[PDB]
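Participant: Residue numbers (our numbering), protein chains in the order written: chain A, 1 to 9; chain B, 1 to 9; chain C, 1 to 238; chain D, 1 to 238.
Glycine included, every Cβ here is placed at the ideal spot set by N, Cα and C.
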Ligand SMILES: C=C1/C(=C\C=C(/CCCCCCC)c2cccc(CCCCCC(C)(C)O)c2)C[C@@H](O)C[C@@H]1O
Ligand SMILES: C=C1/C(=C\C=C(/CCCCCCC)c2cccc(CCCCCC(C)(C)O)c2)C[C@@H](O)C[C@@H]1O
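Laid out in structure tokens, this is it:
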């Protein structure tokens, strides 16, 4: 979940 | 390489 | 009458919604254009991808969500994503033409468009029925925002770990909604129940989408049209 | 003078190129629009993704490529992909404005556009220099098609297994090119060598792109803008 982690700061 | 396989028939 | 904490919770949610929903749909020109096999899939994928980002932005501001583990934030975001998208889309849904109107001739979306996007009437028929049901509730901006935040903090989702802290945040928001309708919504005597029942509908709608998505995602010629975010949000990775 | 087999090889390649390159760039309206941080990345990703599909279509028709293992076809496609894209793009490259002109105001691509797409002058300066060098060779449609097929069948790539059968197909195509320039290209006395040297340039260009792509792909906010095909073609999976 690389994208989801970045997006959640 | 799922996409590449499909595309190569 | 409503308390300061209950009021601050409404304010932040309403502000979060305002920051993450554009009523001009001006960003829609940036997506792969709609085309009228599966001609509407590129546009739908771009549209759904854009909306996931907006749901994350909104989520980050739901009081208490930022305090959960990254694991629980992802668990809740993944499982509720499509339901929030269905909820938020009601704002563009119109009873006059039974469509999501987001712009000119191009962004006026009827149910036949979603057929050309890899989904069937089995998902679309209850979706339109749910859209009409929800609109008819003539929700206040506060009720609509709260229902999205209630939906997002449902403990009963696959992957959730702290289903006692999530249930807590959800009950705190449920109390906010229940009090808002009593104190601030005339003729709202039945609304809260009607709203809670819309959450049950969303689980059926969510289920049908998941099946239809697995079918679409299993075909590389179709999954290649999706976006890395859509792929990650709706994918099975644990 | 050229033999029937050598002639049939040229015909199929020229026909394959014709089937996989549109001189009207009419499909460019289907991509995420160009915008002038990394505003040009969505369009570039859509453009590169579209071109990979076209390179696969062309490849499938290179005589002998279809007979290789799926593993070797993928190995060669992955490692040569960017070089074929660089080769094929020469057709839209213009000496008059030092740009790839693919349409109206929108699809006229200068080097500053690729800067707004996550790449640096370190890749772009030798690319433009290579583009001008290649154009100046005033290649025949047959030479350009053959050079792409030579590039694609290079045995010296990471992942290749049958580097004796690939070297064989490449030499057979090299003989076709060498004979074509002698028999059919007046003043081509030095061209073949000049063409072979463009393959060495492409390895440097390929190398620089790989580094710049790893930098872009390592940042989730940037990799989310790519397409599943781009991600898979340029990714490290074995
Ligand atoms: C996404 C939004 C809008 C409309 C939403 C809508 C209606 C969309 C109609 C437009 C269709 C274009 C082809 C919709 C909502 C939920 C489910 C569905 C159907 C399945 C979508 C999932 C796709 C996926 C992941 C590839 O399986 C459509 C439009 C605005 O209200 C903004 C809002 O965020
Ligand atoms: C792709 C094509 C065209 C232009 C190509 C070009 C010139 C493109 C100029 C347009 C730039 C738009 C932002 C180009 C070629 C090779 C490398 C590069 C730079 C790096 C691209 C890789 C991107 C990636 C995978 C995200 O790292 C550009 C345009 C036509 O000639 C068709 C042809 O297939």
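Taking the C-alpha atoms as reference points, what is the distance between residue 158 of chain D and residue 238 of chain D?
Facilitator: Here residue 158 of chain D is taken as the residue at index 158 of the fourth chain, counted from 1. Here residue 238 of chain D is taken as the residue at index 238 of the fourth chain, counted from 1. Cα to Cα, the separation comes out at about 10 Å.
Participant: With a threshold of 8 Å between beta-carbons, can residue 81 of chain D be considered close to chain B, or not?
Facilitator: Looking up residue 81 of chain D in the fourth chain gives position 81. Judged by the 8 Å Cβ criterion, residue 81 of chain D is not in contact with chain B.
Participant: Can you tell me whether residue 34 of chain D is buried or exposed, with buried defined as 16 or more other CB within 10 angstroms of its CB?
Facilitator: Here residue 34 of chain D refers to the residue found at position 34 of the fourth chain. Result: buried.
Participant: Residue 56 of chain D versus chain B: which residues are under 8 Å apart at the beta carbon?
Facilitator: Residue mapping note: residue 56 of chain D aligns to position 56 of the fourth chain, counting from 1. The answer, in chain order, is 4, 7 and 8.
Participant: In this structure, does DSSP put residue 234 of chain C in helix, strand or coil?
Facilitator: One-based indexing of the third chain puts residue 234 of chain C at position 234. Three-state result, residue 234 of chain C: helix.
Participant: Pairing CB atoms from the segment 119-138 of chain D with CB atoms from the segment 220-233 of chain D, are three or more of them under 8 Å?
Facilitator: No, they do not touch.
Participant: Whole angstroms is fine: what's the gap from residue 77 of chain C's alpha carbon to residue 56 of chain C's?
Facilitator: As a first step, residue 77 of chain C must be located in the third chain, where it is residue number 77. As a first step, residue 56 of chain C must be located in the third chain, where it is residue number 56. If you take the alpha carbons of residue 77 of chain C and residue 56 of chain C, they lie about 7 Å apart.
Participant: From what residue to what residue does the alpha helix (DSSP H) around residue 215 of chain C run?
Facilitator: As a working note, residue 215 of chain C is residue 215 in the third chain. Residues 191-217.
Participant: If you measure beta-carbon to beta-carbon, which residues of the segment 68-79 of chain D are closer than 7 Å to chain B?
Facilitator: Against chain B - using a Cβ distance shorter than 7 Å - the residues of the segment 68-79 of chain D are 70, 73, 74 and 77.
Participant: Who are residue 21 of chain D's beta bridge partners in DSSP?
Facilitator: As a position in the fourth chain, residue 21 of chain D is number 21, starting the count at 1. None; residue 21 of chain D has no bridge partner.
Participant: Less than 7 Å separating the Cβ of residue 151 of chain D from some heavy atom of ligand 2?
Facilitator: Numbered from its first residue, the fourth chain carries residue 151 of chain D at position 151. No; taking the cut-off as 7 Å, the Cβ of residue 151 of chain D has no heavy atom of ligand 2 nearer than that.
Participant: When the Cα atoms are used, what is the spatial distance from residue 308 of chain C to residue 84 of chain C?
Facilitator: For residue 308 of chain C there is no data in the structure shown, the boundaries of chain C being 1 and 238.
Participant: Does residue 195 of chain C pass the burial test, meaning 16 or more other C-beta atoms within 10 Å, or should it be called exposed?
Facilitator: The sequence position of residue 195 of chain C within the third chain is 195, counting from 1. Classification for residue 195 of chain C: buried.
Participant: Between which two residues does the beta strand (DSSP E) containing residue 101 of chain D stretch?
Facilitator: Sequence index remark: in the fourth chain, residue 101 of chain D carries index 101 (1-based). Here the beta strand (DSSP E) through residue 101 of chain D covers 99-101.
Participant: Closer than 8 Å by C-beta to residue 146 of chain D: which residues in its own chain qualify, once you throw out the five before and the five after it? Chain order, please.
Facilitator: Start at 1 with the first residue of the fourth chain, and residue 146 of chain D comes out as number 146. The answer, listed in chain order, is 10, 13, 173, 176, 177 and 180.
Participant: Taking the alpha helix (DSSP H) that residue 74 of chain D belongs to, which residues open and close that run?
Facilitator: The sequence position of residue 74 of chain D within the fourth chain is 74, counting from 1. Where residue 74 of chain D is concerned, the enclosing alpha helix (DSSP H) stretches over 70-88.
Participant: Which residues of the segment 219-230 of chain D have a Cβ closer than 7 Å to any Cβ of chain A? Give them in chain order.
Facilitator: Flagged, chain order: 220, 221 and 224.
Participant: Looking only at C-alpha atoms, which of C:52, C:82 and C:66 sits nearest to residue 212 of chain C?
Facilitator: Numbered from 1 along the third chain, position 212 holds the residue referred to as residue 212 of chain C. Of the listed residues, the one whose Cα sits closest to residue 212 of chain C is C:82.
Participant: Just to check my reading of the structure: residue 202 of chain C and residue 86 of chain C have Cβ atoms closer than 8 Å, yes? What is that Cβ distance to the nearest angstrom?
Facilitator: Taking the third chain and counting its residues from 1, one reaches residue 202 of chain C at position 202. Taking the third chain and counting its residues from 1, one reaches residue 86 of chain C at position 86. The Cβ separation is near 6 Å, so the contact holds.
Participant: Just to confirm, does residue 119 of chain D get its C-beta within under 7 Å of one of the non-hydrogen atoms of ligand 1?
Facilitator: Mapped onto the fourth chain, residue 119 of chain D falls at position 119. No, the beta carbon of residue 119 of chain D sits no closer than 7 Å to any heavy atom of ligand 1.
Participant: So the candidates are C:17, C:75 and C:19; which of them puts its Cα closest to the Cα of residue 156 of chain C?
Facilitator: For the purposes of this step, residue 156 of chain C is taken as the residue at position 156 of the third chain. It is C:75 whose Cα lies nearest to the Cα of residue 156 of chain C.
Participant: Just checking, does the segment 93-104 of chain C make contact with the segment 114-132 of chain C on the three C-beta pairs under 8 Å criterion?
Facilitator: Judged by Cβ distances under 8 Å, the segment 93-104 of chain C makes contact with the segment 114-132 of chain C, as three or more pairs qualify.
Participant: Could you check whether residue 223 of chain C and residue 217 of chain C sit closer than 8 Å to each other, using their CB atoms as the reference points?
Facilitator: Counting from 1 along the third chain, the entry for residue 217 of chain C is found at position 217. Counting from 1 along the third chain, the entry for residue 223 of chain C is found at position 223. Cβ distance < 8 Å, so residue 217 of chain C and residue 223 of chain C count as in contact.
Participant: Ignore the nearest five residues each way along the sequence and tell me which others in residue 191 of chain D's own chain have a CB closer than 7 Å to its CB.
Facilitator: The sequence position of residue 191 of chain D within the fourth chain is 191, counting from 1. Answer for residue 191 of chain D: 137, 181 and 185, listed in chain order.
Participant: Using C-beta distances below 6 Å, list every residue in its chain close to residue 49 of chain D, excluding the 5 sequence neighbours before and after it, in chain order.
Facilitator: Here residue 49 of chain D corresponds to residue number 49 of the fourth chain, with the count starting at 1. Counting only Cβ-Cβ distances below 6 Å, and skipping sequence neighbours, we find 227, 229 and 230.
Participant: Is it buried or exposed for residue 112 of chain C, if we count other Cβ within 10 angstroms and need 16 for buried?
Facilitator: Translated into the one-based positions of the third chain, residue 112 of chain C becomes position 112. It is exposed - the Cβ of residue 112 of chain C has fewer than 16 other Cβ atoms within 10 Å.
Participant: List the residues of chain B that residue 237 of chain D touches, going by C-beta distances under 9 Å, in chain order.
Facilitator: Working through the fourth chain from its first residue, we reach residue 237 of chain D at position 237. Those are 1, listed as they occur along chain B.
Participant: Of the residues that make up the segment 20-44 of chain C, which ones have a beta carbon closer than 9 Å to any beta carbon in chain D?
Facilitator: Correct list: 29, 30, 31, 32, 33, 35 and 42.
Participant: Tell me whether residue 135 of chain D sits in a helix, a strand or coil according to DSSP, three-state version.
Facilitator: Indexing the fourth chain from 1 puts residue 135 of chain D at position 135. Helix at residue 135 of chain D.
Participant: Using a Cβ-based criterion (distance less than 7 Å to any ligand heavy atom), does residue 92 of chain C qualify as near ligand 1?
Facilitator: Walking along the third chain from the start, residue 92 of chain C turns up at place 92. Yes, the beta carbon of residue 92 of chain C sits closer than 7 Å to at least one heavy atom of ligand 1.
Participant: Tell me whether residue 236 of chain D counts as near ligand 2, meaning its Cβ is closer than 7 Å to at least one heavy atom of that ligand.
Facilitator: Counted from its first residue, the fourth chain places residue 236 of chain D at position 236. It does not: the Cβ of residue 236 of chain D is nowhere closer than 7 Å to a heavy atom of ligand 2.
Participant: Between which two residues does the alpha helix (DSSP H) harbouring residue 57 of chain D extend?
Facilitator: Numbered from its first residue, the fourth chain carries residue 57 of chain D at position 57. That run of the alpha helix (DSSP H) goes 41-59.
Participant: Does the Cβ of residue 5 of chain A have 16 or more other Cβ atoms within 10 Å, making it buried, or fewer, making it exposed?
Facilitator: Position 5 of the first chain, counting from 1, holds the residue named residue 5 of chain A. Classification of residue 5 of chain A: exposed, given that the 10 Å Cβ count is below 16.
Participant: What are the boundary residues of the alpha helix (DSSP H) that includes residue 223 of chain D?
Facilitator: Translated into the one-based positions of the fourth chain, residue 223 of chain D becomes position 223. First-last of the alpha helix (DSSP H) with residue 223 of chain D: 220-223.
Participant: If residue 152 of chain C and residue 59 of chain C are in contact, beta carbons under 8 Å, what's the gap, nearest whole angstrom?
Facilitator: Here residue 152 of chain C is taken as the residue at index 152 of the third chain, counted from 1. Here residue 59 of chain C is taken as the residue at index 59 of the third chain, counted from 1. So it is a contact: roughly 6 Å between Cβ atoms.
Participant: Go ahead and pull the three-state DSSP assignment for residue 94 of chain D.
Facilitator: The residue given as residue 94 of chain D occupies position 94 in the fourth chain. Residue state, collapsed to three classes: strand.
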